[PDB]
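Enquirer: This one's experimental. Sequence and coordinates below.
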There are 2 protein chains.
Amino acid sequence: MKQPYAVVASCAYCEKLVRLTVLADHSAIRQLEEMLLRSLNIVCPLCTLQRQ
Amino acid sequence: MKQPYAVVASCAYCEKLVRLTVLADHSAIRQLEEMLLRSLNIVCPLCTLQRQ
Ligand SMILES: [Zn+2]
Ligand SMILES: [Zn+2]
């Protein structure tokens, strides 16, 4: 069962919160949240272009 | 070494392309791309709110 899930994480560069939605099984969401702890950061729309 | 990486994937709901940037080590990016094959989909801004 894939389910919709709201990901919330601080931008790599500016620590603004970045919100994105994914559709994923339980284990993928658990995996993603584990990645977000240390190994992966998401980037906000402005920093994704460069200027904060 | 974390590096910036442009993720491109089709929206779960509408198959519009969704682009996001992450900062991640090699193995995390490999892991993410593996997830995107089957177990995880990202969702575009409009579908993230509901109306396509
Ligand atoms: Zn930012
Ligand atoms: Zn969409």
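Expert: Right, received. Where do you want to start? Numbers count the residues shown, from 1 in each chain, chains lettered A, B, ... in the order given. Ligands and ions are numbered 1, 2, ... in the order given.
Enquirer: Got phi/psi on residue A:6?
Expert: Per-residue torsions, residue A:6: phi -90, psi 110 (degrees, to the nearest 10).
Enquirer: Show me what it is bridged to.
Expert: residue A:21 (DSSP bridges).
Enquirer: so it touches residue A:18, yeah?
Expert: No - between residue A:6 and residue A:18 there is no contact, the gap being 11.2 Å when judged by CB atoms under 8 Å. Where C-beta positions appear, they are placed from N, C-alpha and C, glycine not excepted.
Enquirer: Tell me which of the two has more neighbours.
Expert: residue A:18 (20 against 10; other CB atoms under 10 Å in any protein chain shown).
Enquirer: And the contacts of the helix or strand hosting the more buried one?
Expert: In this assignment (DSSP states H and E), residue A:18 forms part of strand A:17-24. By CB atoms under 8 Å, 6 or more residues apart in numbering or on different chains, the residues outside strand A:17-24 that reach it are A:2-11, A:28-29, A:32, A:42-44, B:12-13, B:20, B:35, B:39-43, B:47-48.
Enquirer: Format the CA atom coordinates belonging to the helix or strand following that strand as CSV.
Expert: Following strand A:17-24 in sequence order, the next helix or strand is helix A:26-37 (DSSP H and E). Included here for helix A:26-37 are C-alpha records, laid out as CSV according to Å, rounded to 0.1, in the frame of the first residue of the first chain:
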residue,chain,number,x,y,z
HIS,A,26,5.8,2.3,4.6
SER,A,27,9.3,1.0,4.2
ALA,A,28,10.2,3.7,1.6
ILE,A,29,9.0,6.4,3.9
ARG,A,30,10.9,4.9,6.8
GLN,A,31,14.0,4.8,4.5
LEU,A,32,13.5,8.4,3.4
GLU,A,33,13.2,9.6,7.0
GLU,A,34,16.3,7.7,7.9
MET,A,35,18.2,9.4,5.0
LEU,A,36,17.0,12.8,6.1
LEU,A,37,18.6,12.3,9.5
